[PDB]
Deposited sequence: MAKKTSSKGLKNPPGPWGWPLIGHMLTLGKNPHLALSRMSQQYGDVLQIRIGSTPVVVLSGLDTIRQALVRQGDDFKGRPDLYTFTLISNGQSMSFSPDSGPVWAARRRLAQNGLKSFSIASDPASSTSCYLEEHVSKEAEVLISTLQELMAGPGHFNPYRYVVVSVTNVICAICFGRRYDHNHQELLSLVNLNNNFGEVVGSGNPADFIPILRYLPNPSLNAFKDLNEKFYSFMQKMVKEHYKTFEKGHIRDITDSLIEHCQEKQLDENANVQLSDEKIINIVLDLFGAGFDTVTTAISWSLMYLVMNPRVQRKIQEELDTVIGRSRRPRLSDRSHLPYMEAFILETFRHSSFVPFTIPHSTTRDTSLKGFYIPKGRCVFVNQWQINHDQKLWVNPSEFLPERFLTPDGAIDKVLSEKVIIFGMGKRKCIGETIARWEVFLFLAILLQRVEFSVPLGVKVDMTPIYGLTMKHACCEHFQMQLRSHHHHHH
């Protein structure tokens, strides 16, 4: 048919300099000229970059089986001993079977009803517990220091939820086992983010690379923690009393695809679990602090729809259209997952009249959709009201153009869990407390590129109870 178009690139390094430190911004300007299917080169490796709401739906959904593979990148082979469900090049029926195990394991210990509490489910019970511990920890910080860095304590509250779902345990707010793994050891996004030169320039792996060495250690540390957590569950495993997702995977090793590819699925769940949800909640607090106008509106809605006599529940999610418009605009404006995990073609295929051979690396630019000047009014501006119709309800036609959970056969499997976890944490907190940042302190809202885009650490947040 045709080869996908693209700008001129150096014969040796390709367009690696055009990408720069923000490949999502460069490839969004590039799509304005070369279209929804364009081709670049990182070093000598060709890469196809998909942009556009309809073209990405055409490729990942309607032709999903043509794009459901992962490329064979170097950085991916360092994840979970090279056998990760999400990052391994395996995309046949072996992957499809592991994905179905994860989906069923999640539904059982997140959305399913809790035997302990008749009213709520597992997720609502865990989030309610951790949101109270979080509010108490922040009250203690206002008793002394008078300020705090939220990420340090949100990451614990969010980890205790996904950790209770995967290992049936929780940890205190000041635990060295936990913070070592999750905090200040998470350059996973920085190393795995699409366009990493080390994947396409083979010499950068062997040179002095401080980030790549800390990455090998982070994974080796996590894989050891998994072995400790699974061996301890195997030592007390009772068939019939399934405590968490780990037990249902142990149960599935005895009921019949190696045992390692079954057990290390919790590493993908635990990993994606705390990294994305913590990033999302962290960004939310930044926007509430920089836009006190919209924090006041979220609270005026909570006071009308729920009052202050009872904690918000999952049932209230559909009766709070402004809270959902805020969370949607946090996902759209930040786009803290600017690219999906890189895809790969499983066969010679055709897309919008362009030929893509088998094995071609494929990037999916979610950031471009969420800031397309043709789909949005003031994309650079943070304006939650853009999702509200004239009668104050969520515009469903427009809200389903916020692409951040992926699409197709490789779509996020914890999407529904993240939307409820994010809603509850924000709803329970903003009902009780009000966050702020004093004047005259810098608050760098600039995203830092990575698989999940984080922000500069802010240590000046404050919190007060409400009347």
Exercise. What portions of the deposited sequence, indexed from 1, have no corresponding C-alpha atom in the structure?
Worked result: 1-9, 266-274, 486-491
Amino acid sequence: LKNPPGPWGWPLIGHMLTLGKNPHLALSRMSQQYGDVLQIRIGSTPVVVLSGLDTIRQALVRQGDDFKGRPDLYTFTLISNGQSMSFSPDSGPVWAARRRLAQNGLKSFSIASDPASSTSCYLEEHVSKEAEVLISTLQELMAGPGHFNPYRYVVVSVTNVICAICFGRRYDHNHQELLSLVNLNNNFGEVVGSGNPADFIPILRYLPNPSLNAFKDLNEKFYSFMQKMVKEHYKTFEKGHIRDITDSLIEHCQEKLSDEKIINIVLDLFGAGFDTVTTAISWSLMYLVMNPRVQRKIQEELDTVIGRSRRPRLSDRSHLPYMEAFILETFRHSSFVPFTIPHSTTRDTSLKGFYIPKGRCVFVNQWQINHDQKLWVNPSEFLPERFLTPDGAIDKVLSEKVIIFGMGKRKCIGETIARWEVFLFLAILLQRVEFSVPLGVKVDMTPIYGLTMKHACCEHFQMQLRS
From here on, numbers count along this sequence of modelled residues.
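Just so we're on the same page, rigid core means the largest C-alpha set that superposes within 1.5 Å between forms.
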Seminar exercise, completed: By Cα RMS to this form in 5 other deposited structures of this protein after fitting the core, the stretch ranking higher of 183-191 and 304-312 is 183-191
Exercise. Mean CA B-factor: is it higher for 83-91 or for 115-123?
Worked result: 115-123
Seminar exercise, completed: Assert higher mean C-alpha B factor (327-335 or 153-161, deposited values) equals 153-161
Seminar exercise, completed: Of the residues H343, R386, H371, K239, the one whose Cα carries the largest B-factor in the deposited record is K239
For this session: Check the PDB entry and point out which of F363, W283, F382, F167 has the largest C-alpha temperature factor.
Result: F167
Exercise. In terms of the CA temperature factor given in the entry, to which third of its chain does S315 belong: lowest, middle or highest?
Worked result: middle
Exercise. When the modelled residues of the chain are sorted by Cα temperature factor, does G105 land in the lowest, middle or highest third?
Worked result: highest
Problem set entry | Third assignment of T77 from its chain's C-alpha B-factors | middle
Exercise. If you rank every modelled residue in this chain by C-alpha B factor, which third holds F270: lowest, middle or highest?
Worked result: middle
Exercise. Going by the entry, which third of its chain does the Cα temperature factor of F200 land in?
Worked result: middle
